Structure formats: structure tokens, C-alpha cells
$ cat query-v7.pdb   # PDB, C-alpha atoms (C1' of nucleotides) and all ligand atoms
ATOM      1  CA  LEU A   1       0.000   0.000   0.000  1.00  0.00           C
ATOM      2  CA  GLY A   2       2.427   2.636  -1.240  1.00  0.00           C
ATOM      3  CA  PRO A   3       5.959   2.889  -2.613  1.00  0.00           C
ATOM      4  CA  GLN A   4       8.349  -0.057  -2.594  1.00  0.00           C
ATOM      5  CA  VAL A   5      11.201   1.195  -0.406  1.00  0.00           C
ATOM      6  CA  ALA A   6      13.849  -0.752   1.503  1.00  0.00           C
ATOM      7  CA  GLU A   7      13.747  -0.974   5.294  1.00  0.00           C
ATOM      8  CA  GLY A   8      16.659   1.404   5.864  1.00  0.00           C
ATOM      9  CA  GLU A   9      15.263   4.160   3.632  1.00  0.00           C
ATOM     10  CA  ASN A  10      12.361   6.408   4.621  1.00  0.00           C
ATOM     11  CA  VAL A  11       9.700   7.985   2.419  1.00  0.00           C
ATOM     12  CA  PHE A  12       9.288  11.730   2.903  1.00  0.00           C
ATOM     13  CA  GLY A  13       6.226  13.942   2.945  1.00  0.00           C
ATOM     14  CA  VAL A  14       5.715  17.479   4.176  1.00  0.00           C
ATOM     15  CA  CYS A  15       3.341  18.437   6.983  1.00  0.00           C
ATOM     16  CA  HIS A  16       1.681  21.846   7.260  1.00  0.00           C
ATOM     17  CA  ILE A  17       0.796  22.771  10.841  1.00  0.00           C
ATOM     18  CA  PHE A  18      -1.521  25.788  10.737  1.00  0.00           C
ATOM     19  CA  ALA A  19      -1.814  26.804  14.400  1.00  0.00           C
ATOM     20  CA  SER A  20      -4.373  29.588  14.658  1.00  0.00           C
ATOM     21  CA  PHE A  21      -6.111  30.627  17.863  1.00  0.00           C
ATOM     22  CA  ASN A  22      -9.422  29.144  16.678  1.00  0.00           C
ATOM     23  CA  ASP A  23      -8.222  25.655  15.684  1.00  0.00           C
ATOM     24  CA  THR A  24      -5.249  23.689  14.344  1.00  0.00           C
ATOM     25  CA  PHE A  25      -4.736  22.194  10.883  1.00  0.00           C
ATOM     26  CA  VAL A  26      -2.505  19.150  10.442  1.00  0.00           C
ATOM     27  CA  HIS A  27      -2.128  18.654   6.686  1.00  0.00           C
ATOM     28  CA  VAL A  28       0.318  16.076   5.313  1.00  0.00           C
ATOM     29  CA  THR A  29       0.998  16.207   1.577  1.00  0.00           C
ATOM     30  CA  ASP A  30       3.695  15.212  -0.894  1.00  0.00           C
ATOM     31  CA  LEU A  31       7.145  16.773  -1.088  1.00  0.00           C
ATOM     32  CA  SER A  32       5.819  18.917  -3.939  1.00  0.00           C
ATOM     33  CA  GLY A  33       2.822  19.835  -1.782  1.00  0.00           C
ATOM     34  CA  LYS A  34       0.320  19.180  -4.568  1.00  0.00           C
ATOM     35  CA  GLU A  35      -1.162  15.799  -3.568  1.00  0.00           C
ATOM     36  CA  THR A  36      -2.432  15.448  -0.002  1.00  0.00           C
ATOM     37  CA  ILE A  37      -2.372  12.271   2.077  1.00  0.00           C
ATOM     38  CA  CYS A  38      -4.148  13.223   5.314  1.00  0.00           C
ATOM     39  CA  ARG A  39      -5.723  16.486   6.475  1.00  0.00           C
ATOM     40  CA  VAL A  40      -7.569  16.373   9.796  1.00  0.00           C
ATOM     41  CA  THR A  41      -8.221  19.372  12.025  1.00  0.00           C
ATOM     42  CA  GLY A  42      -8.784  19.929  15.720  1.00  0.00           C
ATOM     43  CA  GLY A  43     -12.453  20.633  15.064  1.00  0.00           C
ATOM     44  CA  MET A  44     -12.836  17.154  13.576  1.00  0.00           C
ATOM     45  CA  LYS A  45     -11.925  15.610  16.957  1.00  0.00           C
ATOM     46  CA  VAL A  46     -13.635  17.811  19.578  1.00  0.00           C
ATOM     47  CA  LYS A  47     -17.305  18.797  19.370  1.00  0.00           C
ATOM     48  CA  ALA A  48     -16.923  22.106  21.198  1.00  0.00           C
ATOM     49  CA  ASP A  49     -15.737  25.408  19.737  1.00  0.00           C
ATOM     50  CA  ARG A  50     -13.885  26.108  22.999  1.00  0.00           C
ATOM     51  CA  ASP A  51     -11.516  23.165  22.574  1.00  0.00           C
ATOM     52  CA  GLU A  52     -11.127  23.534  18.803  1.00  0.00           C
ATOM     53  CA  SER A  53      -7.664  25.060  19.318  1.00  0.00           C
ATOM     54  CA  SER A  54      -6.777  23.165  22.493  1.00  0.00           C
ATOM     55  CA  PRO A  55      -3.605  21.059  22.676  1.00  0.00           C
ATOM     56  CA  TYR A  56      -5.805  17.974  23.146  1.00  0.00           C
ATOM     57  CA  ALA A  57      -7.582  18.332  19.801  1.00  0.00           C
ATOM     58  CA  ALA A  58      -4.246  18.948  18.087  1.00  0.00           C
ATOM     59  CA  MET A  59      -2.840  15.812  19.726  1.00  0.00           C
ATOM     60  CA  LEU A  60      -5.765  13.704  18.516  1.00  0.00           C
ATOM     61  CA  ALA A  61      -5.547  15.149  15.003  1.00  0.00           C
ATOM     62  CA  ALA A  62      -1.797  14.539  14.834  1.00  0.00           C
ATOM     63  CA  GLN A  63      -2.236  10.940  15.986  1.00  0.00           C
ATOM     64  CA  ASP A  64      -4.927  10.318  13.361  1.00  0.00           C
ATOM     65  CA  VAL A  65      -2.801  11.877  10.613  1.00  0.00           C
ATOM     66  CA  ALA A  66       0.290   9.910  11.641  1.00  0.00           C
ATOM     67  CA  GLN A  67      -1.649   6.641  11.723  1.00  0.00           C
ATOM     68  CA  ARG A  68      -3.124   7.202   8.263  1.00  0.00           C
ATOM     69  CA  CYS A  69       0.243   8.217   6.800  1.00  0.00           C
ATOM     70  CA  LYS A  70       1.937   5.165   8.325  1.00  0.00           C
ATOM     71  CA  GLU A  71      -0.803   3.066   6.738  1.00  0.00           C
ATOM     72  CA  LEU A  72       0.029   4.845   3.471  1.00  0.00           C
ATOM     73  CA  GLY A  73       3.748   4.020   3.659  1.00  0.00           C
ATOM     74  CA  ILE A  74       5.350   7.328   4.710  1.00  0.00           C
ATOM     75  CA  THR A  75       7.633   7.085   7.738  1.00  0.00           C
ATOM     76  CA  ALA A  76       9.444  10.447   7.671  1.00  0.00           C
ATOM     77  CA  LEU A  77       7.806  13.875   7.711  1.00  0.00           C
ATOM     78  CA  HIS A  78       8.935  17.398   6.840  1.00  0.00           C
ATOM     79  CA  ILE A  79       7.445  19.933   9.250  1.00  0.00           C
ATOM     80  CA  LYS A  80       6.512  23.446   8.180  1.00  0.00           C
ATOM     81  CA  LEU A  81       4.708  25.538  10.777  1.00  0.00           C
ATOM     82  CA  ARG A  82       2.414  28.434  10.116  1.00  0.00           C
ATOM     83  CA  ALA A  83       0.555  31.053  12.051  1.00  0.00           C
ATOM     84  CA  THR A  84      -2.300  33.243  10.844  1.00  0.00           C
ATOM     85  CA  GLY A  85       0.122  35.817   9.480  1.00  0.00           C
ATOM     86  CA  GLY A  86      -0.830  38.774   7.352  1.00  0.00           C
ATOM     87  CA  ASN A  87      -1.565  41.758   9.551  1.00  0.00           C
ATOM     88  CA  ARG A  88      -2.728  39.438  12.357  1.00  0.00           C
ATOM     89  CA  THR A  89      -0.630  37.564  14.912  1.00  0.00           C
ATOM     90  CA  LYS A  90       2.681  35.898  14.082  1.00  0.00           C
ATOM     91  CA  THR A  91       2.971  33.598  17.106  1.00  0.00           C
ATOM     92  CA  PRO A  92       1.618  30.089  16.416  1.00  0.00           C
ATOM     93  CA  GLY A  93      -1.365  28.934  18.425  1.00  0.00           C
ATOM     94  CA  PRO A  94      -1.279  26.489  21.334  1.00  0.00           C
ATOM     95  CA  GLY A  95      -1.966  23.439  19.156  1.00  0.00           C
ATOM     96  CA  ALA A  96       1.312  23.512  17.233  1.00  0.00           C
ATOM     97  CA  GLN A  97       3.573  22.094  19.933  1.00  0.00           C
ATOM     98  CA  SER A  98       1.073  19.458  21.047  1.00  0.00           C
ATOM     99  CA  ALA A  99       0.556  18.304  17.454  1.00  0.00           C
ATOM    100  CA  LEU A 100       4.307  18.158  16.826  1.00  0.00           C
ATOM    101  CA  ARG A 101       4.936  16.114  19.967  1.00  0.00           C
ATOM    102  CA  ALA A 102       1.940  13.876  19.235  1.00  0.00           C
ATOM    103  CA  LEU A 103       3.190  12.972  15.774  1.00  0.00           C
ATOM    104  CA  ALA A 104       6.698  12.543  17.199  1.00  0.00           C
ATOM    105  CA  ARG A 105       5.509   9.997  19.777  1.00  0.00           C
ATOM    106  CA  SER A 106       3.454   8.254  17.074  1.00  0.00           C
ATOM    107  CA  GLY A 107       6.576   6.652  15.596  1.00  0.00           C
ATOM    108  CA  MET A 108       6.949   9.187  12.787  1.00  0.00           C
ATOM    109  CA  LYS A 109      10.453  10.184  11.767  1.00  0.00           C
ATOM    110  CA  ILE A 110      11.099  13.929  11.823  1.00  0.00           C
ATOM    111  CA  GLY A 111      12.727  15.757   8.928  1.00  0.00           C
ATOM    112  CA  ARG A 112      13.703  19.426   9.101  1.00  0.00           C
ATOM    113  CA  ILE A 113      11.449  21.993  10.760  1.00  0.00           C
ATOM    114  CA  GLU A 114      10.696  25.298   9.065  1.00  0.00           C
ATOM    115  CA  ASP A 115       8.588  28.345   9.958  1.00  0.00           C
ATOM    116  CA  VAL A 116       6.475  29.509   7.007  1.00  0.00           C
ATOM    117  CA  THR A 117       4.000  32.161   8.085  1.00  0.00           C
ATOM    118  CA  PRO A 118       2.790  34.999   5.847  1.00  0.00           C
ATOM    119  CA  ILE A 119       5.053  37.931   6.685  1.00  0.00           C
ATOM    120  CA  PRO A 120       3.844  40.991   4.761  1.00  0.00           C
ATOM    121  CA  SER A 121       6.353  43.572   3.692  1.00  0.00           C
ATOM    122  CA  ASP A 122       3.793  46.311   4.350  1.00  0.00           C
ATOM    123  CA  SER A 123       0.254  45.027   4.618  1.00  0.00           C
ATOM    124  CA  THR A 124      -3.250  46.484   4.470  1.00  0.00           C
ATOM    125  CA  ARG A 125      -5.084  47.945   7.466  1.00  0.00           C
ATOM    126  CA  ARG A 126      -5.534  45.609  10.430  1.00  0.00           C
ATOM    127  CA  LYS A 127      -9.125  44.801  11.362  1.00  0.00           C
ATOM    128  CA  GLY A 128      -9.255  46.633  14.686  1.00  0.00           C
ATOM    129  CA  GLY A 129      -9.999  50.337  14.707  1.00  0.00           C
ATOM    130  CA  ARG A 130      -7.689  53.196  15.591  1.00  0.00           C
ATOM    131  CA  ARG A 131      -8.473  52.593  19.268  1.00  0.00           C
ATOM    132  CA  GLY A 132      -8.367  48.839  18.710  1.00  0.00           C
ATOM    133  CA  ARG A 133     -10.249  45.981  20.296  1.00  0.00           C
ATOM    134  CA  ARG A 134     -11.510  46.888  23.757  1.00  0.00           C
ATOM    135  CA  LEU A 135     -12.255  43.508  25.329  1.00  0.00           C
TER     136      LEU A 135
ATOM    137  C1'   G B   1      32.668 165.140 -24.207  1.00  0.00           C
ATOM    138  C1'   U B   2      33.537 160.427 -24.127  1.00  0.00           C
ATOM    139  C1'   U B   3      34.725 155.137 -24.775  1.00  0.00           C
ATOM    140  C1'   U B   4      37.789 152.866 -22.101  1.00  0.00           C
ATOM    141  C1'   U B   5      39.847 152.029 -17.097  1.00  0.00           C
ATOM    142  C1'   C B   6      38.351 150.598 -12.433  1.00  0.00           C
ATOM    143  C1'   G B   7      34.526 147.932  -9.657  1.00  0.00           C
ATOM    144  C1'   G B   8      30.743 144.084  -9.792  1.00  0.00           C
ATOM    145  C1'   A B   9      28.660 139.791 -11.451  1.00  0.00           C
ATOM    146  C1'   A B  10      27.301 135.378 -14.449  1.00  0.00           C
ATOM    147  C1'   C B  11      29.358 132.225 -18.269  1.00  0.00           C
ATOM    148  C1'   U B  12      34.227 130.118 -18.562  1.00  0.00           C
ATOM    149  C1'   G B  13      39.588 127.393 -20.819  1.00  0.00           C
ATOM    150  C1'   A B  14      44.191 126.043 -19.923  1.00  0.00           C
ATOM    151  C1'   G B  15      47.770 125.632 -15.271  1.00  0.00           C
ATOM    152  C1'   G B  16      50.271 125.026 -10.255  1.00  0.00           C
ATOM    153  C1'   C B  17      49.277 123.080  -5.705  1.00  0.00           C
ATOM    154  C1'   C B  18      46.431 119.300  -1.917  1.00  0.00           C
ATOM    155  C1'   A B  19      51.281 113.690   1.581  1.00  0.00           C
ATOM    156  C1'   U B  20      44.885 115.556  -4.028  1.00  0.00           C
ATOM    157  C1'   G B  21      40.000 112.954  -1.937  1.00  0.00           C
ATOM    158  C1'   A B  22      37.507 105.767  -0.478  1.00  0.00           C
ATOM    159  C1'   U B  23      38.308 104.418   8.348  1.00  0.00           C
ATOM    160  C1'   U B  24      37.554  99.277   9.433  1.00  0.00           C
ATOM    161  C1'   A B  25      36.402  94.638   7.339  1.00  0.00           C
ATOM    162  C1'   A B  26      31.839  93.112  13.499  1.00  0.00           C
ATOM    163  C1'   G B  27      32.744  85.643  17.314  1.00  0.00           C
ATOM    164  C1'   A B  28      26.543  91.585  12.392  1.00  0.00           C
ATOM    165  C1'   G B  29      24.537  90.400   7.684  1.00  0.00           C
ATOM    166  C1'   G B  30      24.140  89.113   2.276  1.00  0.00           C
ATOM    167  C1'   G B  31      26.604  87.021  -2.117  1.00  0.00           C
ATOM    168  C1'   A B  32      30.673  83.955  -4.328  1.00  0.00           C
ATOM    169  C1'   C B  33      33.765  79.362  -4.305  1.00  0.00           C
ATOM    170  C1'   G B  34      35.156  73.745  -2.513  1.00  0.00           C
ATOM    171  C1'   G B  35      34.390  68.862  -0.748  1.00  0.00           C
ATOM    172  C1'   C B  36      30.625  66.763   1.333  1.00  0.00           C
ATOM    173  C1'   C B  37      25.756  65.655   3.884  1.00  0.00           C
ATOM    174  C1'   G B  38      20.587  64.544   4.852  1.00  0.00           C
ATOM    175  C1'   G B  39      13.077  59.414   5.483  1.00  0.00           C
ATOM    176  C1'   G B  40      13.977  67.607   2.644  1.00  0.00           C
ATOM    177  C1'   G B  41      10.535  68.591  -2.269  1.00  0.00           C
ATOM    178  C1'   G B  42       8.701  67.478  -7.527  1.00  0.00           C
ATOM    179  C1'   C B  43       8.520  64.271 -11.997  1.00  0.00           C
ATOM    180  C1'   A B  44       9.345  59.346 -14.077  1.00  0.00           C
ATOM    181  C1'   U B  45      10.883  54.399 -13.119  1.00  0.00           C
ATOM    182  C1'   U B  46      11.620  49.820 -10.290  1.00  0.00           C
ATOM    183  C1'   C B  47      11.095  46.061  -6.705  1.00  0.00           C
ATOM    184  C1'   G B  48       8.817  43.318  -2.188  1.00  0.00           C
ATOM    185  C1'   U B  49       5.849  40.183   0.164  1.00  0.00           C
ATOM    186  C1'   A B  50       1.060  40.346   2.082  1.00  0.00           C
ATOM    187  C1'   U B  51      -4.563  41.013   1.279  1.00  0.00           C
ATOM    188  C1'   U B  52      -8.660  40.180  -1.824  1.00  0.00           C
ATOM    189  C1'   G B  53     -10.650  37.890  -6.170  1.00  0.00           C
ATOM    190  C1'   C B  54     -10.297  34.482 -10.400  1.00  0.00           C
ATOM    191  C1'   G B  55      -8.684  29.754 -13.277  1.00  0.00           C
ATOM    192  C1'   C B  56      -6.885  24.803 -12.728  1.00  0.00           C
ATOM    193  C1'   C B  57      -5.263  20.518  -9.715  1.00  0.00           C
ATOM    194  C1'   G B  58      -5.458  17.255  -4.547  1.00  0.00           C
ATOM    195  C1'   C B  59      -7.818  15.455  -0.432  1.00  0.00           C
ATOM    196  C1'   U B  60     -11.751  16.947   1.575  1.00  0.00           C
ATOM    197  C1'   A B  61     -16.402  18.157   6.262  1.00  0.00           C
ATOM    198  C1'   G B  62     -16.153  21.712   7.998  1.00  0.00           C
ATOM    199  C1'   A B  63     -14.327  26.498   8.179  1.00  0.00           C
ATOM    200  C1'   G B  64     -15.137  31.789  10.751  1.00  0.00           C
ATOM    201  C1'   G B  65     -15.716  33.920  14.806  1.00  0.00           C
ATOM    202  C1'   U B  66     -16.070  34.428  21.001  1.00  0.00           C
ATOM    203  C1'   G B  67     -15.275  34.863  27.534  1.00  0.00           C
ATOM    204  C1'   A B  68     -19.204  31.354  25.531  1.00  0.00           C
ATOM    205  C1'   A B  69     -21.773  31.647  21.381  1.00  0.00           C
ATOM    206  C1'   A B  70     -24.670  33.166  17.487  1.00  0.00           C
ATOM    207  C1'   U B  71     -25.096  35.994  12.783  1.00  0.00           C
ATOM    208  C1'   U B  72     -21.762  34.227   8.162  1.00  0.00           C
ATOM    209  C1'   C B  73     -19.499  30.824   3.986  1.00  0.00           C
ATOM    210  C1'   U B  74     -19.949  25.376   3.098  1.00  0.00           C
ATOM    211  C1'   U B  75     -20.710  17.793  -1.096  1.00  0.00           C
ATOM    212  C1'   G B  76     -23.730  24.115  -6.828  1.00  0.00           C
ATOM    213  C1'   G B  77     -16.576  21.478  -2.568  1.00  0.00           C
ATOM    214  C1'   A B  78     -16.161  25.967   2.089  1.00  0.00           C
ATOM    215  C1'   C B  79     -11.369  26.010   4.945  1.00  0.00           C
ATOM    216  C1'   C B  80      -6.226  23.890   3.888  1.00  0.00           C
ATOM    217  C1'   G B  81      -2.092  22.519   0.194  1.00  0.00           C
ATOM    218  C1'   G B  82       0.223  23.521  -4.995  1.00  0.00           C
TER     219        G B  82
HETATM  220 MG    MG C 201      32.770  90.057   7.799  1.00  0.00          MG
HETATM  221 MG    MG C 202     -22.767  21.134  12.447  1.00  0.00          MG
HETATM  222 MG    MG C 203      -6.056  28.230  -2.427  1.00  0.00          MG
END
$ encode --input "query-v7.pdb" --output "C-alpha cells"
Amino acid sequence: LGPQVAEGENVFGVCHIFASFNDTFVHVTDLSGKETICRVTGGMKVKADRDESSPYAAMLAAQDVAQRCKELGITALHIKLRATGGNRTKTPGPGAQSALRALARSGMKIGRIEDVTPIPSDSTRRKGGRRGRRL
RNA sequence: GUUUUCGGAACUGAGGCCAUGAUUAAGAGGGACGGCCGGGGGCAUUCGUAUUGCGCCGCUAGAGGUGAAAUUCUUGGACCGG
């Protein structure tokens, strides 16, 4: 069920970890990034908008993704981590670290980590007003 | 008798003489000149991601928002990846 690769060699795919403050996306796709293998989110595991971005939902999503990818023959993963970016926050949400550790403990081999978040040169106007959000 | 002379003026042309006649260059100010200097200004040109939208491809059931939610977009493929 996948490529024919010797025991010593590992098949590589990239994993996009979109860690917003509303939920977390774990999205494994090919090295080229065009064909996807498993994409499950934190909202697909917890039925409560509160916990959509919790570390627990990210852990469950990462475990599901790692299991499906192992069933599909990929043993090594390339991690690229993204925050919301744009004019909004640049710090990744709480689910990123939990998802990374979850897919590490799931037997997956770890490639090289990279931080790919949209960093505007000089963006448009941020959503909040001149006085900003007041809550 | 009488036009000169003298006196007075104005208009004057050659001379001699003046120790011939211009204070200083403001820790005032202009204006020059030289090498620079600077997100100063105007015109044109060029690049950078990001945002939004569109086309195609993949897998897709959620995605968004919040203190918690709802309004809102979603198998007439939303969100995510290229
Ligand atoms: Mg002077
Ligand atoms: Mg529902
Ligand atoms: Mg897209």
C-alpha cells in the first residue's frame, strides 16, 4: 500500500501545521505539496468550539494523521509551521507544539522543521480600529 | 565830451598746488567658491511580500468567529495545500 522502499530508507512527505487561535490544521501532503495524504483538524476531533484550538484536539488530530500516513507508507515527515500571518498575529497557536509532539511519539520520523507564516512587507489595514479591540 | 579804465557779477579754458580725496572689514549680515551631507521637495521608473478575487489541480467536512456563542461561507466542494 504505497511505494516499494527498503527498510533502511524512509519515504518523505511534508506536513503543514496551521496553528491559529481558533483551531489547528494538520495537513500532510507530498514533497511537492500538490497531492495530499491526510488532512484532519482539531475541530474534527472535539465537538466544542472552545476546545477547537486546544492542545488535546491537536494531539488527537496529529495521531490520526500519523496513523493514516503510516498506513500509506510514509515514515518520515517534513514539518513546516504556520501562524495566521498577514496583519494578524505571528505567534503560532497552542496546538502547534502538542501536534508536533503527538506525531513525534506516534513513531513518525522527523525531517527538518521550518517556519512559514505569511510575513507581509507592508500590509493592508488591520481589522481593529484606531483605538483597537476593547475587550 | 567820451569810450575805455576801475569795480561788480554770471558764463568760462588752460595751469600750479592738496602727503589731491575711499576708516575698518563686526565671534553683524548678504553674495561667491570647494568637498561633502541629509526618510527635505517634484517628476518618471523599479522592486517586495502580504490582502482580496479568479482559473486549474489534490484530499476533503467543515471552516469563521467568542469569555461562551450566534449571525456568516460550506458535497452548486467551504477552509487547507500547490
Ligand atoms: Mg565680515
Ligand atoms: Mg454542524
Ligand atoms: Mg487556495
$ residues_around --input "query-v7.pdb" --residues "range 49-65 of chain B" --least-positions-apart "3" --cutoff "9 Å" --atoms "all atoms listed in the file" --output "MDAnalysis selection string"
(chainID A and resid 22 29 34:39 43:44 85:87 118:124) or (chainID B and resid 72:75 77:79 81:82)
$ write_last_selection --input "query-v7.pdb" --atoms "C-alpha atoms (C1' of nucleotides)" --output "PDB file, in the frame of the given file"
ATOM      1  CA  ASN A  22      -9.422  29.144  16.678  1.00  0.00           C
ATOM      2  CA  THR A  29       0.998  16.207   1.577  1.00  0.00           C
ATOM      3  CA  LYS A  34       0.320  19.180  -4.568  1.00  0.00           C
ATOM      4  CA  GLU A  35      -1.162  15.799  -3.568  1.00  0.00           C
ATOM      5  CA  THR A  36      -2.432  15.448  -0.002  1.00  0.00           C
ATOM      6  CA  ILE A  37      -2.372  12.271   2.077  1.00  0.00           C
ATOM      7  CA  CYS A  38      -4.148  13.223   5.314  1.00  0.00           C
ATOM      8  CA  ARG A  39      -5.723  16.486   6.475  1.00  0.00           C
ATOM      9  CA  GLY A  43     -12.453  20.633  15.064  1.00  0.00           C
ATOM     10  CA  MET A  44     -12.836  17.154  13.576  1.00  0.00           C
ATOM     11  CA  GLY A  85       0.122  35.817   9.480  1.00  0.00           C
ATOM     12  CA  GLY A  86      -0.830  38.774   7.352  1.00  0.00           C
ATOM     13  CA  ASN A  87      -1.565  41.758   9.551  1.00  0.00           C
ATOM     14  CA  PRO A 118       2.790  34.999   5.847  1.00  0.00           C
ATOM     15  CA  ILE A 119       5.053  37.931   6.685  1.00  0.00           C
ATOM     16  CA  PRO A 120       3.844  40.991   4.761  1.00  0.00           C
ATOM     17  CA  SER A 121       6.353  43.572   3.692  1.00  0.00           C
ATOM     18  CA  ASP A 122       3.793  46.311   4.350  1.00  0.00           C
ATOM     19  CA  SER A 123       0.254  45.027   4.618  1.00  0.00           C
ATOM     20  CA  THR A 124      -3.250  46.484   4.470  1.00  0.00           C
TER      21      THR A 124
ATOM     22  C1'   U B  72     -21.762  34.227   8.162  1.00  0.00           C
ATOM     23  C1'   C B  73     -19.499  30.824   3.986  1.00  0.00           C
ATOM     24  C1'   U B  74     -19.949  25.376   3.098  1.00  0.00           C
ATOM     25  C1'   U B  75     -20.710  17.793  -1.096  1.00  0.00           C
ATOM     26  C1'   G B  77     -16.576  21.478  -2.568  1.00  0.00           C
ATOM     27  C1'   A B  78     -16.161  25.967   2.089  1.00  0.00           C
ATOM     28  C1'   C B  79     -11.369  26.010   4.945  1.00  0.00           C
ATOM     29  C1'   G B  81      -2.092  22.519   0.194  1.00  0.00           C
ATOM     30  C1'   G B  82       0.223  23.521  -4.995  1.00  0.00           C
TER      31        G B  82
END
$ residues_near_ligand --input "query-v7.pdb" --ligand "ligand MG 201 (chain C)" --cutoff "12 Å" --atoms "all atoms listed in the file" --output "list in words"
residues 24, 25, 26, 27, 28, 29 and 30 of chain B
$ write_last_selection --input "query-v7.pdb" --atoms "C-alpha atoms (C1' of nucleotides)" --output "PDB file, in the coordinates of the input"
ATOM      1  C1'   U B  24      37.554  99.277   9.433  1.00  0.00           C
ATOM      2  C1'   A B  25      36.402  94.638   7.339  1.00  0.00           C
ATOM      3  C1'   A B  26      31.839  93.112  13.499  1.00  0.00           C
ATOM      4  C1'   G B  27      32.744  85.643  17.314  1.00  0.00           C
ATOM      5  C1'   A B  28      26.543  91.585  12.392  1.00  0.00           C
ATOM      6  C1'   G B  29      24.537  90.400   7.684  1.00  0.00           C
ATOM      7  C1'   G B  30      24.140  89.113   2.276  1.00  0.00           C
TER       8        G B  30
END
$ residues_around --input "query-v7.pdb" --residues "residue 54 in chain A" --least-positions-apart "2" --cutoff "12 Å" --atoms "only C-alpha atoms (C1' of nucleotides)" --output "ChimeraX atom specification"
/A:19-25,41-43,45-52,56-61,93-99
$ atom_distance --input "query-v7.pdb" --atom1 "CA of residue 100 in chain A" --atom2 "CA of residue 117 in chain A"
16.5 Å
$ atom_distance --input "query-v7.pdb" --atom1 "CA of residue 84 in chain A" --atom2 "CA of residue 72 in chain A"
29.4 Å
$ closest_residue --input "query-v7.pdb" --among "A:71, A:30, A:115, A:64" --to "chain B" --atoms "only C-alpha atoms (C1' of nucleotides)"
A:30
$ atom_distance --input "query-v7.pdb" --atom1 "CA of residue 14 in chain A" --atom2 "CA of residue 33 in chain A"
7.0 Å
$ residues_near_point --input "query-v7.pdb" --point "(6.5, -3.1, 2.7)" --cutoff "12 Å" --atoms "all atoms listed in the file" --output "short mmCIF file (atom, residue, chain, number, x, y, z; two decimals) with C-alpha atoms, in the frame of the given file"
data_model
loop_
_atom_site.label_atom_id
_atom_site.label_comp_id
_atom_site.auth_asym_id
_atom_site.auth_seq_id
_atom_site.Cartn_x
_atom_site.Cartn_y
_atom_site.Cartn_z
CA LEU A 1 0.00 0.00 0.00
CA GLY A 2 2.43 2.64 -1.24
CA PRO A 3 5.96 2.89 -2.61
CA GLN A 4 8.35 -0.06 -2.59
CA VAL A 5 11.20 1.20 -0.41
CA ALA A 6 13.85 -0.75 1.50
CA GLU A 7 13.75 -0.97 5.29
CA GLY A 8 16.66 1.40 5.86
CA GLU A 9 15.26 4.16 3.63
CA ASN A 10 12.36 6.41 4.62
CA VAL A 11 9.70 7.98 2.42
CA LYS A 70 1.94 5.16 8.32
CA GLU A 71 -0.80 3.07 6.74
CA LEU A 72 0.03 4.84 3.47
CA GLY A 73 3.75 4.02 3.66
CA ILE A 74 5.35 7.33 4.71
CA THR A 75 7.63 7.08 7.74
#
$ closest_residue --input "query-v7.pdb" --among "A:133, A:101, A:109, A:27" --to "chain B" --atoms "all atoms listed in the file"
A:27
$ axis_aligned_box --input "query-v7.pdb" --around "range 41-46 of chain B" --padding-each-side "5 Å" --output "AutoDock Vina command-line options"
--center_x 10.1 --center_y 59.2 --center_z -8.2 --size_x 13.1 --size_y 28.8 --size_z 21.8
$ closest_residue --input "query-v7.pdb" --among "A:88, A:12, A:66, A:112" --to "chain B" --atoms "only C-alpha atoms (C1' of nucleotides)"
A:88
$ resolve_selection --input "query-v7.pdb" --expression "the PyMOL selection byres (((chain A and resi 80) around 7) and not hetatm)" --output "ChimeraX atom specification"
/A:15-17,78-79,81-82,113-116
$ closest_residue --input "query-v7.pdb" --among "B:76, B:48, B:31, B:16" --to "chain A" --atoms "only C-alpha atoms (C1' of nucleotides)"
B:48
$ closest_residue --input "query-v7.pdb" --among "B:67, B:15, B:21, B:40" --to "chain A" --atoms "only C-alpha atoms (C1' of nucleotides)"
B:67
$ residues_around --input "query-v7.pdb" --residues "residue 103 in chain A" --least-positions-apart "5" --cutoff "7 Å" --atoms "all atoms listed in the file" --output "number ranges by chain"
A: 62-63, 66, 108
$ decode --input "query-v7.pdb" --residues "range 37-59 of chain A" --atoms "C-alpha atoms" --output "mmCIF file, in the first residue's frame"
data_model
loop_
_atom_site.group_PDB
_atom_site.id
_atom_site.type_symbol
_atom_site.label_atom_id
_atom_site.label_comp_id
_atom_site.auth_asym_id
_atom_site.auth_seq_id
_atom_site.Cartn_x
_atom_site.Cartn_y
_atom_site.Cartn_z
ATOM 1 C CA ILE A 37 -2.372 12.271 2.077
ATOM 2 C CA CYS A 38 -4.148 13.223 5.314
ATOM 3 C CA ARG A 39 -5.723 16.486 6.475
ATOM 4 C CA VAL A 40 -7.569 16.373 9.796
ATOM 5 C CA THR A 41 -8.221 19.372 12.025
ATOM 6 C CA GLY A 42 -8.784 19.929 15.720
ATOM 7 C CA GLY A 43 -12.453 20.633 15.064
ATOM 8 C CA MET A 44 -12.836 17.154 13.576
ATOM 9 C CA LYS A 45 -11.925 15.610 16.957
ATOM 10 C CA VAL A 46 -13.635 17.811 19.578
ATOM 11 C CA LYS A 47 -17.305 18.797 19.370
ATOM 12 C CA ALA A 48 -16.923 22.106 21.198
ATOM 13 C CA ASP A 49 -15.737 25.408 19.737
ATOM 14 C CA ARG A 50 -13.885 26.108 22.999
ATOM 15 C CA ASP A 51 -11.516 23.165 22.574
ATOM 16 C CA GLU A 52 -11.127 23.534 18.803
ATOM 17 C CA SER A 53 -7.664 25.060 19.318
ATOM 18 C CA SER A 54 -6.777 23.165 22.493
ATOM 19 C CA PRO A 55 -3.605 21.059 22.676
ATOM 20 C CA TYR A 56 -5.805 17.974 23.146
ATOM 21 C CA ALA A 57 -7.582 18.332 19.801
ATOM 22 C CA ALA A 58 -4.246 18.948 18.087
ATOM 23 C CA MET A 59 -2.840 15.812 19.726
#
